[PDB]
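Quick heads-up: it's one chain on its own, the form deposited without ligand QQ4, in structure tokens.
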């Protein structure tokens, strides 16, 4: 029974918490044990949902937060509909306006290295990459940040609020040294 686990259950939305729990168990990890990852997954999830809300009505197809089988099903349909190359790894969104998959990153480490690693892991470069940080930086492929300023600024504001609430509970240091 950890502090971090009760903090995330009171800081995040119950639908987020439940999607994160299902995600971890699906991949064989327990939110009561990997409590920092529990917090990271909830955070990444809230950011993906905030991101897809930044566009227009039908702009984004949401891939993250689904179970692996149906997440790939929607990808297959998108690819067999748009002609876009099927990614090797599951992305987080699809942009019907720009016709590309988006990989959304939330890092506690430093802006530049995270993109590299995630770029070298993707290693296909078809899908667009967008990174956010807990300190307020962002970085996107070809410096095309997809959404307008205010929607990304809202995402950055919420990330710093998560940081503050954790720091005020002396949980930030453990979370930062977890990646």
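Positions refer to the first chain, counted from 1. Here the rigid core means the biggest group of C-alpha atoms that line up within 1.5 Å when the two forms are laid on top of each other.
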With the rigid core as the fit reference, the stretch showing the greater C-alpha departure in 7 other deposited structures of this protein, 153-161 or 20-28, is 20-28
With respect to the recorded C-alpha B factors, which stretch has the higher mean value, 107-115 or 145-153? 107-115
Greater mean Cα temperature factor according to the PDB record, 55-63 or 121-129: 121-129
Quick one: classify residue 170 as lowest, middle or highest third of the chain based on its Cα B-factor. highest
For residue 39, the third of its chain into which the C-alpha B factor falls: middle
Chain thirds of CA B-factor: placement of residue 33: highest
Determine, from the deposited record, the chain-internal third of the Cα B-factor for residue 98: lowest, middle or highest. middle
Which third of the chain does residue 71 land in by C-alpha B-factor: lowest, middle or highest? lowest
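The discussion below concerns the form deposited with ligand QQ4 bound, not included here.
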Since only the chain is shown here, I'm wondering whether residue 145 would be in contact with ligand QQ4 in the deposited complex (any heavy atom pair within 4.5 Å). no
Indicate whether residue 138 is a 4.5 Å heavy atom neighbour of ligand QQ4 in the deposited complex. no
Give a yes/no on whether residue 167 approaches ligand QQ4 to within 4.5 Å in the deposited complex, heavy atoms considered. no
Can you tell me if residue 13 lies within 4.5 angstroms of ligand QQ4 in the deposited complex, counting non-hydrogen atoms only? yes
Is it true that 78, 95 and 125, all three, sit within 4.5 Å of ligand QQ4 in the deposited complex, judged by heavy atoms? no
